[PDB]
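First, one chain by itself: the form deposited in one PDB entry, in C-alpha cells.
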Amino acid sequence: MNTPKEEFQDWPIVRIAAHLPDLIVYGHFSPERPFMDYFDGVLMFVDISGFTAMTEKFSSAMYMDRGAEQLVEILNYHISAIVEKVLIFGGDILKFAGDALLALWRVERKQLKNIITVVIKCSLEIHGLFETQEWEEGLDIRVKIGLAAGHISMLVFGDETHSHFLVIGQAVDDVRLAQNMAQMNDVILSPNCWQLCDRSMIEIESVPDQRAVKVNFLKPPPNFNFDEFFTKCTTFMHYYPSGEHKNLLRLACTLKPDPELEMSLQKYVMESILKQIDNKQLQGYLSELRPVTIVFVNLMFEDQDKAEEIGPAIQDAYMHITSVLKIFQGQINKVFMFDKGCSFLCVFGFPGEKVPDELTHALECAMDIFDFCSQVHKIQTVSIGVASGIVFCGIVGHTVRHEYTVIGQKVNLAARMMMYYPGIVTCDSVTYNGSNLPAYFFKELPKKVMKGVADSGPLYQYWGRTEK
C-alpha cells in the first residue's frame, strides 16, 4: 500500500496554541481562580527600543493608507527572527507587549547555572541579527536585553469564559530593572543572575550605582563546545522539539484536537482572534491604525512581595473590571506585573464597528474601576491613566508564536500617566476636550517630565461628578 506522509497540523487547537506560551499550553492546572504555581527559571526581556516612535511615522500620508499593513509586515519580519532564536535556544515566549517580549527558560534550581550560559549565548546571537541593520538612514534597529534568574510565581485569574496569566516576583522585577539599565546592544544581568551564573564563561563590567552587571563577552574554556553543551542542557528541557519532531519550532505545532483542552485554551484569546482562527473573518482584518481610548489600570499592593495575598486581590479586581468593560465593550489587551504593581491595559474601540460616546463612557468606566478596586482588601493604591488617539493594532510575532497587541504613543502615555500620577484617574487633552463634560469634573494638573514622553500636552485628573 502507499504511504502518503506528513501529519496535518493546521487544526483550530494548533492555531489557538500559537497565541500562548508552553507555560499555559502544557500547564494542566486546577479549575480554581486564582491559581498559583511556583518554580525557578531564567527570564529574558527584549525591548525593541524606539519602535513605538516609528508607529507614528507609519500614519503619515507617504504610506498611502497602508501604514498598518506596512508596520505589521516590517515589525513581524524582525520580531520573527528574535522569536526563532529564543525558540531554537529552548526558551518559551511568555508575552508580547508594547515594544517588548518576555521569554522564560523554566528549569530545576541545579540547572540554573548552565541555563544562564545558554540564555547569554542566545542574547548575544539576537544582538548579532541587528549588527548591520537600518532602513532610510538613521534607523536604530537595535535591541536592549535584560536577563534575570531565580524564583518565579505564576498567577492565573479569570472567570468562566476568560483567563489571564502573570508572572510575579523578584526575578520578574529584576528583569525589567536590568533591561532599563541597558543601552542599545547591551546584555544586562540582574544581581541574582550574575550570582548564579558560570563566571568562568563570561567577562563582565560593573554598572555604575547598580549591582547588576553588563556582559562584555562569553569567552568559554579551551575544551568547550557550545553544541555539545546545549545538547546536555536539552535533557532538562521538557518540550524541546526532538526526534521525529526535531524540524519543528514548537511541540505545540503537533497538538491534536481535544475539545476539553481547546475549551481551556480559547479562554485566553480574544473572540475576534478566535473568529479569524475559525476562518469566519479575513486574516488581515485585525491589522489597523484605529482610534481608541486606552484605560491603563495599575493596582499597587500591601503585602507587596506576597504572591499568596496578591492573587485573591487581583482576582477580585478582575471580576469587577471585566463586568465594567462588558457594559461598554472594552477589552483587556494585556496584563502584567512588576514592582508589586499589577497593570491592566484596557482598550475601548478596536475590532467592533461601533461605540458612540467612547470618551465620557471611558472616563466613567475608569472612575467605576477606581472606586471599586480602592476598596479591595490588600490593594494599597489604584492609579488609572486614560489617553485617546490613533494606535496600531495587530497580531505581532512569528507564525508559530504571536499575539494581538496594541502599540502607540497614546498607549505609552496612558502607562506613564498611571505611574507618574499615582492614586488618581488621569486623562489626556483629547479625552478631556472630547468628553464635553463640564470643566469642574476635572482638575488641570502640573506638567511632569515623563521618561519616554515628548510633550504629553495638558493633562487632567478626572475628579468626578461631586466635590467629595
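Note that residue numbering begins at 1 and tracks the sequence as displayed. Think of the rigid core as the biggest set of C-alphas that the two forms share within 1.5 Å after superposition.
Modelled in this chain, residue 396 is likewise resolved in all the other entries of the protein that span it on both sides, not missing from even a third of them.
The records show that residue 139 is omitted from the coordinate set of at least a third of the other eligible entries of this protein.
The question of which stretch, 365-373 or 72-80, has the higher mean Cα B factor is settled in favour of 365-373.
Between the stretches 45-53 and 419-427, it is 45-53 that shows the larger average CA temperature factor. The entry lists C-alpha B-factors for 302, 125, 160, 244, and the highest of these is at 302.
When the C-alpha B-factors of 459, 18, 25, 450 are read from the PDB record, the largest value belongs to 450. Among all modelled residues in this chain, the alpha-carbon of residue 14 has a temperature factor (C-alpha) in the lowest third. Remark: residue 399 belongs to the lowest third of its chain, ranked by C-alpha B-factor as recorded. Among the modelled residues of its chain, residue 91 has a C-alpha B-factor that falls in the lowest third according to the deposited record. Sorting the modelled residues of the chain by their CA temperature factor places residue 408 in the lowest third.
Ranked within its chain, residue 308 lands in the highest third, by CA B factor from the PDB record.
Not on display, but discussed next: the form deposited in another entry.
Residue shifts between the shown form and the other one, rigid core superposed: of 203, 73, 303, 357, the only C-alpha displaced by 2 Å or more belongs to 303. Taking the rigid core as fixed, one finds a CA shift for residue 339 of 2 Å or more between the shown form and the other one. In that other deposited form, the CA atoms of residue 339 and residue 38 move apart by 3 angstroms or more relative to this form. An increase of at least 3 Å in the separation of the C-alpha atoms of residue 7 and residue 256 is found in that other deposited form, compared with the displayed form.
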